[PDB]
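Down below is the structure, laid out as structure tokens.
What follows is calculated from the coordinates using simple rules that are stated; it is not laboratory data. For neighbour counting, all protein chains shown are included, and Cβ atoms are generated from backbone atoms with ideal geometry for every residue, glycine included.
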Amino acid sequence: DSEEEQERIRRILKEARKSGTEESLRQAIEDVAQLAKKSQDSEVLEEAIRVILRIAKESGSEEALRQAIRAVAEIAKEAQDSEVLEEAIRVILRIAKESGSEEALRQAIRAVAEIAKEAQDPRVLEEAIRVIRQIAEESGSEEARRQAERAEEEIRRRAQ
């Protein structure tokens, strides 16, 4: 059932907040991702992605944000629905922005790039390029721009 899985996901967050520790929040990211892996329902997958964003915000640590980005990318790789993939791409930008660190933005470009490689729908590829550009904008650094250009170019090389 869908609402069954969604409730379980929400409860992981609830129970992680009750614990109230950084360790519990990192574990909650992992637990939500594991639930999302063996799920096929798009509403569940989007819900998992949203909850991981909320866990990320609750923690705010560089490592939690890194792990959240990885978890969302993991969910997005095994997803087939384009709406889920585009949501995952936009949420990765939001997670990276919770920190704004050069490292987190770098991870975000890599994550979005990985999603784009697995995708088939050109609409997803367009969104990935769009958000990769925005990530580089958030950074402002020269290397972030060049990582984003190389990432964008590879997606276009795959598109042809």
Open item on the list: If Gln80 satisfies all but one of (1) over 27 Å from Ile129 (Cβ atoms); (2) without any contact (Cβ under 8 Å) to a residue 12 or more places away in the chain, what's the number of the condition it fails?
Closed with: (1)
- [ ] Scan the range 84-93 and give yes if some residue there is of a type in the set (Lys, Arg) and under 27 Å from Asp41 (Cβ atoms), otherwise no.
- [x] yes
- [ ] Give me the pairs, please: first residue somewhere in the range 109-133 and without any contact (Cβ under 8 Å) to a residue 24 or more places away in the chain and closer than 16 Å to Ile75 by Cβ, second residue anywhere and crowded, with 21+ Cβ neighbours inside 10 Å and charged (D, E, K, R), beta-carbon distance under 8 Å, and either six or more positions apart or on two chains.
- [x] none
Task: Members of the range 33-74 that are farther than 25 Å from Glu103 by Cβ, part of a helix (DSSP H, G or I) and hydroxyl-bearing (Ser, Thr, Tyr) - done: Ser42
- [ ] Search the range 1-41 for residues being more than 18 Å from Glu62 (Cα to Cα) and of a type in the set (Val, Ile, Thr), and hand back the single one that is surrounded by the fewest Cβ atoms within 10 Å (Cβ to Cβ).
- [x] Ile12
Open item on the list: From the list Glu152, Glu126, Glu87, exactly one residue is out of contact with any strand residue (DSSP E or B) (no Cβ under 9 Å at 6 or more places or on another chain), closer than 24 Å to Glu30 by Cβ and assigned to a helix (DSSP H, G or I). Which is it?
Closed with: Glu87
Open item on the list: Considering only residues that are farther than 19 Å from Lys117 by Cα and buried (at least 22 other Cβ atoms within 10 Å of the Cβ), which ones fall in the range 74-103?
Closed with: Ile95, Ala96
